[PDB]
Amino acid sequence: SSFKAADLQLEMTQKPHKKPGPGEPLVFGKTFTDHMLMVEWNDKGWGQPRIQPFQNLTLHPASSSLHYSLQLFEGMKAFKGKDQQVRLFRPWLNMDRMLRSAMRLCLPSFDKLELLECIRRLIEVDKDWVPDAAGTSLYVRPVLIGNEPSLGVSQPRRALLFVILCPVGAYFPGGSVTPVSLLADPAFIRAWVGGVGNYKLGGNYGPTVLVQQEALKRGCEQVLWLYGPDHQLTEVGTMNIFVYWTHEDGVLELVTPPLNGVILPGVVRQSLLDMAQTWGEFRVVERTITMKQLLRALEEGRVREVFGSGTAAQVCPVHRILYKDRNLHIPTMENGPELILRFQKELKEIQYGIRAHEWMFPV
């Protein structure tokens, strides 16, 4: 059976790390908090969860996490409002997704609410690490790895679940929203139908490093991931893609690719779909978007805004796509960006507790 949060043991740090403080530039994932969550699994089932001081992992050289990528991760944020209250954004969805990833890699199942309570207690211990300046947050990184001391490609008989925390700064410092330019080359493929692109597995990210460097050498910020002979737009780097346009039928709509296997089911992606549907001002649909559909809409002036969504960036505008050595201008910023700014404002007000919402979970 699963580990219980009621069995959670707490060991406080004797050697605290020095906090950067307000004003100092926080770089994404480079600064770590004082404590971490740790829970072991073996043949006797799950062990008791422990909050221990931030320390290195001791792994056997043959650990299946290092040889056969029996690893998965999650990413969510904890936000601190002006009245010092810390809240998590739709953590249940990350727990749901984490369990789906675990099943795909034959890693041990756990109870979603027990892990959520373990993470809640961890953030509570390191509460003073959560920043409160505009746009800042505490990035939560749960990881589940196989830890079997065997070179045989099989289901691990030993595993480890750990959670580390990182205080992160504003993605758009000062509040000014800035766009990204994308490289669209069909030679590089992120995922395939029948593959594992719809799960947050470590294996899906390592191969993207070389492609991202090629995008940077070409003058772009990120990569537009194309799929199939029809060049279907799937992801923008590690973000889901959205297009706000007047469709071929003349109806104003917000479209994002459907969950067909090559798309990672983003929490922010689902939130934008839910929010747009609640307003009921325009059509909201999940449908395949191709490069030829994009080209046709751009020359006819039908495209209003194109953007990426994800925990790190929340909502990120796209102004340029380098496709077939030609620069395609996306008029996102000239159009406000009206919808992006509305999405960002509503998300900001919900996340920092200015507006009450069922999406928030208090710590």
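In case it trips you up, residue 1 is the first one in the sequence shown, and so on.
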Self-check item: Mean C-alpha temperature factor, higher of 245-253 and 136-144
Solution: 245-253
Quiz item: Which has higher Cα B-factors on average according to the PDB entry: 66-74 or 329-337?
Solution: 329-337
Practice problem: Please pick out which of 176, 208, 198, 271 has the largest Cα B-factor as recorded in the entry. | Solution: 176
Quiz item: Which of these has the highest Cα B-factor in the record: 188, 92, 162, 79?
Solution: 188
Self-check item: Relative C-alpha B-factor of residue 220, binned into the chain's lowest, middle or highest third
Solution: highest
Practice problem: Tell me, lowest, middle or highest third: where does the Cα B factor of residue 356 rank within its chain? | Solution: middle
Quiz item: By its CA B factor, does residue 120 count among the lowest, middle or highest third of the modelled residues in the chain?
Solution: middle
Exercise. Would you check the entry's CA temperature factor for residue 277 and let me know if it's in the chain's lowest, middle or highest third?
Key: highest
Quiz prompt | Chain third (lowest, middle, highest) by recorded CA B-factor, residue given as residue 32 | solution = middle
